Each structure stands twice: as C-alpha cells, then as structure tokens.
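Coordinates in review
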Amino acid sequence: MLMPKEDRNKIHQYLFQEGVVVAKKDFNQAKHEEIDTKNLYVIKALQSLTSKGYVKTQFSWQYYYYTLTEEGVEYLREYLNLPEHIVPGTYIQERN
Amino acid sequence: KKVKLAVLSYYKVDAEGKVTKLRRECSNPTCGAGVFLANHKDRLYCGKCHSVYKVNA
Amino acid sequence: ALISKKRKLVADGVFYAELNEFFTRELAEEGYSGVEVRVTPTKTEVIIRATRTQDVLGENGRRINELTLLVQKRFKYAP
Amino acid sequence: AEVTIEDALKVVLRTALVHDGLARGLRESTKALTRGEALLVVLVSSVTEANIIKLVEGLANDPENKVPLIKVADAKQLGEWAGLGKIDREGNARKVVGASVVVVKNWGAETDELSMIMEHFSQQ
Amino acid sequence: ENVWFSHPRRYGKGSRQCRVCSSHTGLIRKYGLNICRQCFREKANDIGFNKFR
Amino acid sequence: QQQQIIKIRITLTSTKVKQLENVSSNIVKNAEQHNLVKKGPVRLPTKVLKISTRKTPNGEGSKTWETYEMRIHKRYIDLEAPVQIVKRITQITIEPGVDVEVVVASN
RNA sequence: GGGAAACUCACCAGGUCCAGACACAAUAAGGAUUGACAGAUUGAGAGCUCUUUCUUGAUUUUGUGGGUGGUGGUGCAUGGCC
C-alpha cells in the first residue's frame, strides 16, 4: 500500500514493541485503536507483512488478530535498527 | 498525470558564489521557506499547503 | 458500569461466545476443548482447557502471553 | 592497508540514513540547504553541464554559516554508499542508481569518524 | 483525504451489521446482542439462551 | 481504629440458580456465624429474556418459530457489617457465574 | 424474518478509488511516484480530466507469474441449518 514512511514506521514500531495487534475489519475508520494512523494502514501494512512470513493472522468475528513471529522479530529489529535483545513481549514478567 | 520536468534548477546562480531565490517562498509557519510558490496568472500558489494559501501577487 | 443486568449478562454471554470462537480458531491444533471465564475483583480469569497444554504454553509461556495480550487488546481490558 | 580511504564518509553516511537525516537527491538536498538544516554536504564531480554542481557549490558556500563539502566522484558509488542496498549475496549484485548530492541532517549519533572528517574539512 | 467516499449512515439497515458475519439483513438487536438470526441460532447456547418451552 | 458499621447492601445476580443459592446461603451463614444483622436474601422476580426467531436460515418451509430464553435471578442482602467484615465478605464468595455488587450508604 | 425514500441493494443511467499481497524484470534520485489553489469541466466544493507549476520522495508505477474481493453461476458438486 502507498502510505507515509512515518506511518509505516509507526505500525512497525508498535508491532515490534507489542508483538501483537488486534485490528477491527473496518476500513475508513481514520483512527486505529492504540495507533495514530488509519485502520486501513494498519490492516494493509500487516497484510504486506503476512505475505513475507514475519506475522500471522486469524480472523475470528470481524477483528484481525495479528501475531508477530520470530522471523518477523529478526526482520523488524533489523528494520527499526534496534540492538539485539531489546523487545517484543517475549516476556518473563515479574508478577506474572 | 505528472508532467515530468527537466530538473529543479530555479535559482539564478551567478559566478562565485552569489545565489538568488527566484520564485519567492511560502510565508506560512508550516513551510519553513524551503518550498516555492507557483506563478500562474497572478496566482501565487503554495504546493506544500496542498490547498490553502493562494496569494495575490 | 451503568449497564442493565439484561444487557450485562447478555454481553457476558457474548464475550464467552466470542472467546470460544477465537480460541477454536487460534488453538485448534492443540486440541482446545473449551474455556471457562471467572470474574473476580481486579481480575477476569480465562481457563483454557486444551489437551496439549505443552503446546498452548510454549517456551516459558510465550504463547499464552500472546493470547493474554490478544484478549486484553481486543476486549480492551487494562493490562 | 591500515587506514580507510573515504570509507569514514561511507560509515557516517550509513549512520546518516538510519535516523532519518540523509537528504539524498538534488531537490531534497537543495531544499535542505535553503534553510538552516544542512550539516554536511556531499556533491560529486563527474556530471554533465555542471549547473547542478554550480548550484550546490553556490548554495553550500555562501558567506554565511554551515560551510562543508567534499567533491568525491561516482554518484553511483555515492548511491551504494548513500542509501540503496539491494544486496542479495552482497558482492554487490544490486540495481544501484546514482545519487550525486547527499546532505546530512542531525546525523543522530556521536563520535569518532564524524569528528575525523569534521576536523578534516573544518580545520586545514 | 478523500471527502468523496462517505455518506450519512447514522441509522437504518446499513448503519449496523452482525458482529459475527457482517450481514445487514435480519439482525437480533434485542438487548443489544446485534447478531443476525442465523448466527444467533448457532451462538445461542454459548450466549446462554436455552430452549425450555 | 477500625470497624464502624455502615448498612451495606449485596446484590447477587446470576443465570444459574444453584450457584446463586450457594453464594446466598454462603453469605447469610457467613454473616450470622459471627453475628451481623440482616435483611436476608430477597428473591427478586426472575426475568426471562425471550428471543423468538424462525428456525430456518432461508424462507422455505412451514413457518416454525423458536423461543429461546435466558433466565436471570436476583437477590439482595442488607447487612450491618464492620468495614473489615465488609471487606472479608465482599472479597469472598466468588463463583463462576454469579455477579456480586456491593454498595454502601442506604440513603 | 423482505414494514426497501438514501443505506439495505444484489437492478438501471453516470462519476471515483485499489483496498492489484508477494516475488522477478524494467524505469528512476539529473526524481520511481503522491497531492493540489483558481478557471474550464462535471450533478457535485470528485484536481475525475485539461491550462499551469508548485509539491511530494522510493512507500509507489509498467510487464509477467501469482493473489485478494464478488448478495457472480451451478443448492443437479458440497457442509451446516431447516
């Protein structure tokens, strides 16, 4: 999809930070929940990631559930240029 | 349909080393005088403000 | 809050049916056999009953943390 | 050898990409020069009719501030150094095009080779 | 940016849809469950709607 | 210093009658077993949510109708409990499928 | 579950948009490409299209393979329900 690099990095930053994105199947929403882009930019950037590995998608009642995979974790720690052992919530959480 | 261009070389650079900004710049606070204003028929018109700020000049 | 008991208990049922469908799609390979959900103060608990919990949990619970994250995003719980 | 022959430039440009400050292209970079954002300007030499050289050499060497340059050739090697890596077994094998002007903005980073070519131009 | 892609949908049949299958026709809007009749017929034992008499 | 009495109110609402009566019996014994005073569990009229739908997904066939229903039972117990014993009885008696709502200040 | 003004809507007379993933090949930072004020134009304050000349900056465009969508067909290919 044609989209600004600012917004594509917004999506990918949120996805590497969270490891997971839910997204209502609702184009023309103009504001995703928890990202400040369109809902369509979220849905289509996540689909463009699905076709190259890197993320998986379940549909389940009008709500795309996106889940970052390991190959994606490598790819978008490369893409966001963070150092190794930084991120997504592969968590060993303190209280849980 | 994107009529293409040759380049953007709309400066008059003289010899050594004086430059000049032909087609004076946008005064709006969201365009830090880097962009230019088009000159149609008196039509001074900003492209970065994609709609707004047409000037009478 | 400020929902009638009709709408509240119907929405609790719809939340259960939604969770059941989402886990029937997400955990079908591990033999997911049905959730139960217990509201407590400060916590709502979602007991997955699969048969193969060694593949529901993952490497030190990495998979079930995703599912907790998925459910808490989509139904908008606080983390 | 033992030293690096303008590969220090390659490294500061490769770091200049990734925090979004390598304004590459003629127009993107001359828009950077005509405001106070330019920090290090890199043109080339082998072009045709040289009004592009003439313009960028006039705008980067005003007698007001922010005055660096380097004149190294090979806009296509300036593209492989500037921003387009399509490696695929990175013995080059890529579809590289020329860049011919690259301007660094905020270089978001720190020490050595920045300071190396910074002193190397701004003190003779 | 397109201000020619929309039209008022504050009401009617096209304003709302089944939350299971996005169908417009034949909703159950009683108690706000907003499922169509055919998907309610499947989800009914899970929502807690049982057949007594 | 703690333990002041406040005239608390428990409302118990559910769709399974047995778990509701277990939690109501739980609270009434867990109040009387260390001596509160109670306006005991008042059975509200059980509300029946009925949804009437056709059996068929298409429109073919003789018109058969189907009345699903969800029963909802409520209770409420007025206690006079000290704030510690309030906290004790309010956290305890959790059950899968019973909803408890506790309010204060009977004005 | 069919009490349709728009939606529903699947039909008609017209105008937009791509929401054509991914991969290859091409073009190309001397700009691959996006958008637009006013006027003509159009039902329309859709820059749809044209004058023009700003903007944009590797996201996209062109060809191939391959996808996605379809209240399109066959209920005499089927599931599920009735």
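What counts and what doesn't
- Residues numbered from 1 in each chain as written, not as in the entry; some residues may be left out.
- Chains lettered and ligands numbered in written order.
- Part of a larger assembly, values for the part shown.
- Heavy atoms only, no water.
- Residues with missing side-chain atoms left out of burial classes, pairs and counts.
- Helix = DSSP H or I, 4+ residues; strand = E, 2+ residues; numbered from the N terminus.
- Rg over C-alpha atoms; globule rule 2.2 N^0.38 Å.
- Buried < 20%, exposed > 50% of the residue type's maximum accessible area, 1.4 Å probe, protein only.
- Contact = heavy atoms within 4.5 Å.
- Areas by Shrake-Rupley, 256 points an atom, 1.4 Å probe, with all protein chains shown as cover.
- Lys, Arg positive; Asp, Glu negative; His and termini not counted.
- Charge placed at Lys NZ, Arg CZ, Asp CG, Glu CD.
- Disulfide = S-S within 2.5 Å.
- Arc of directions from axis to C-beta.
- Salt bridge = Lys/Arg side-chain N within 4 Å of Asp/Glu carboxyl O.
- Near = heavy atom within 4 Å.
- Polar contact = N/O pair within 3.5 Å; in protein donor to acceptor, adjacent residues only side chain to side chain.
- Pairing = 2+ DSSP bridges.
- Axes fitted to C-alpha atoms, helices over the stretch in contact; angles between N-to-C directions.
- 1 Å grid on protein atoms, 1.4 Å probe; cavity = no way out; pocket = protein on both sides within 12 Å on 5 of 7 lines; lining within 4 Å.
- Points joined across faces, edges and corners; volume = space filled by probe spheres on them.
- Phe/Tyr/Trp six-rings, centres within 6.5 Å; stacked < 30°, edge-to-face > 60°.
- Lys NZ or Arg CZ within 6 Å of the ring centre and 35° of its normal.

For this deposition, the record names cryo-EM as the technique by which the model was determined and cites 3.28 Å as its resolution.

Topic: the overall build of chain F
Per the secondary structure count, chain F includes two helices and five strands. Seen in sequence order, chain F has helices and strands lined up from the N terminus as β-α-β-β-β-α-β. Relative to the compact-globule value of 13 Å for 107 residues, chain F shows a C-alpha radius of gyration of 20 Å, a clear excess of over 25%. When the backbone C-alpha atoms are referred to their principal axes, chain F occupies close to 75 × 25 × 20 Å. Across the 107 residues that make up chain F, the buried fraction comes to 36%. For chain F, contacts bridging at least 24 residues in sequence account for 76% of all contacts bridging at least 6. Carbon and sulfur atoms make up 50% of the accessible area of chain F, which amounts to about 6300 Å² in all. Side-chain charges in chain F split into 18 positive and 10 negative, and the spacing between the mean points of these groups amounts to 2 Å.

Here we look at the overall build of chain C
Counting secondary structure elements, chain C contains three helices and two strands. Ordered by position from the N terminus, the helices and strands of chain C form the series α-β-β-α-α. Judged by the C-alpha coordinates and their principal axes, chain C covers about 40 × 25 × 20 Å. Put simply, chain C has 79 residues, and 42% of those count as buried. At a minimum sequence separation of 6, the contacts of chain C that also span at least 24 residues come to 33%. Within the structure as shown, chain C displays about 4600 Å² of accessible surface, and the carbon and sulfur contribution to it stands at 51%. Of note, chain C has its 14 positive side-chain charges centred 10 Å away from the centre of its 11 negative side-chain charges.

Digging into unusual backbone geometry
A cis amide bond links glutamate 16 of chain B to the next residue, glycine 17 of chain B, at an omega of 10 degrees. Among the structural elements, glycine 17 of chain B can be located in the segment before β1 (37-39). Although it is not a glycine, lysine 76 of chain C adopts a positive phi angle of roughly 50 degrees. As for its position among the elements, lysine 76 of chain C is in the segment after α3 (62-74). A relative accessible area of 55% means that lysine 76 of chain C is categorised as exposed.

Brief notes about the state of the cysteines
In protein structure, a disulfide is the covalent linkage between the sulfur atoms of two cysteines. Residues and elements named next belong to chain E. Under the criterion given, the structure shown has zero disulfides over all chains. Looking at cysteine 18, it has no disulfide partner, and the nearest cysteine sulfur is the one in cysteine 36, 3.6 Å off. Under the relative-accessibility criterion, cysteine 18 is labelled buried at 0%.

A few points about helix α2 (residues 83-91) of chain F
Residues and elements named next belong to chain F. Of all the positions in α2, only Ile85, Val86 and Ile89 are classed as buried. The buried residues of α2 occupy an angular sector of 110 degrees when the element is viewed end-on, so they sit on one face. Of the surrounding secondary structure, the elements contacted by the buried residues of α2 are β1 (8-14) and α1 (17-32). Just beyond α2, the residue with positive phi is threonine 93, at close to 75 degrees.

Observations regarding the pattern of salt bridges
Applying the stated criterion across every chain, the model contains 19 salt bridges over all chains. Across the salt bridge formed by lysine 73 of chain C and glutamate 18 of chain A, the nearest N and O atoms sit 3.2 Å from each other. Of this pair, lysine 73 of chain C sits in helix α3 while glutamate 18 of chain A sits in helix α1 (residues 5-18), placing the two residues on different chains. For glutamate 18 of chain A, a relative accessible area of 23% puts it in the partly exposed group. The salt bridge partner of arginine 71 of chain F is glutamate 69 of chain F, with a shortest N-O separation of 3.3 Å.

A look at the protein's contact with RNA strand G
Around RNA strand G lies a shell of 70 residues, among which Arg43, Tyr45 and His50 of chain B together with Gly14 and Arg41 of chain E are the nearest. Take the atoms of RNA strand G that sit within 4 Å of the protein: sugar and phosphate atoms are 63% of them. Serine 51 of chain B is positioned with one of its backbone polar atoms (N or O) 3.0 Å from a sugar or linking oxygen of RNA strand G. Those elements that provide at least two residues to the surface near RNA strand G are α1 and α2 (39-50) of chain A, β1 and β2 (43-46) of chain B, α2 (26-33) of chain D, β1 (27-28) and α1 (37-47) of chain E together with β3 (47-54) of chain F.

What about the arrangement of the chains?
Without any contact between them, chain B and chain C keep their closest C-alpha atoms 36 Å apart. Across the gap from chain B to chain F, with no contact made, the nearest C-alpha atoms are 50 Å apart.

Some details on the sheet that holds β1 of chain B
All names here are of chain B. Strand order in the open sheet made by the three strands is β1-β2-β3, with antiparallel pairing throughout. Looking at strand neighbours, the two that pair on one side only are β1 and β3 (54-56), the edges of this open sheet. Taken over all neighbouring pairs, the strand axes of this sheet differ in orientation by 30 degrees on average, direction set aside. The pairing of β1 with β2 spans three bridges and is antiparallel.

With respect to the layout of surface pockets
To locate leftover empty space, one rolls a probe as large as a water molecule over the atoms. Volume-wise, the second largest pocket comes out at about 1200 Å³. Lining the second largest pocket are 41 residues, with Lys8, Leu9, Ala11, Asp12 and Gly13 of chain C positioned closest to its centre. Those elements that provide at least two residues to the lining of the second largest pocket are α1 (5-26), β1 (32-40) and β2 (43-50) of chain C, α1 of chain E together with β4 (65-79) and β5 (98-103) of chain F. Element by element, the count of residues in the lining of the second largest pocket is highest for α1 of chain C, at ten residues.

A few points about the packing of aromatic side chains
Each pair of aromatic rings is reported with the distance of its centres and the angle of its planes. This structure, assessed with the given rule, holds twelve aromatic pairs over all chains. Ring geometry for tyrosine 64 of chain A versus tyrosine 66 of chain A: centroids 5.7 Å apart, planes at 5 degrees, classification stacked. The same class applies to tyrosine 64 of chain A as to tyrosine 66 of chain A, namely buried. Residues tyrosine 65 of chain A and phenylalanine 22 of chain C carry aromatic rings whose centres are separated by 4.5 Å and whose planes lie at 40 degrees to one another, so their mutual orientation is tilted. Taken together, the residues span two chains, with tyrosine 65 of chain A in strand β3 (residues 63-68) and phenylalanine 22 of chain C in helix α1. Judged by its relative accessible area of 3%, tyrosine 65 of chain A is buried. Take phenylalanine 22 of chain C: its relative accessible area is 2%, and that puts it in the buried class. Three or more aromatic residues joined by ring pairs form one cluster here, namely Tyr65 of chain A together with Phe22, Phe23 and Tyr32 of chain C. Over the aromatic face of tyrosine 63 of chain A sits the side chain of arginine 74 of chain C, whose NZ or CZ is 3.8 Å from the ring centroid. Geometry around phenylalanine 75 of chain C places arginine 74 of chain C over its ring, the cationic atom sitting 4.7 Å from the centre.

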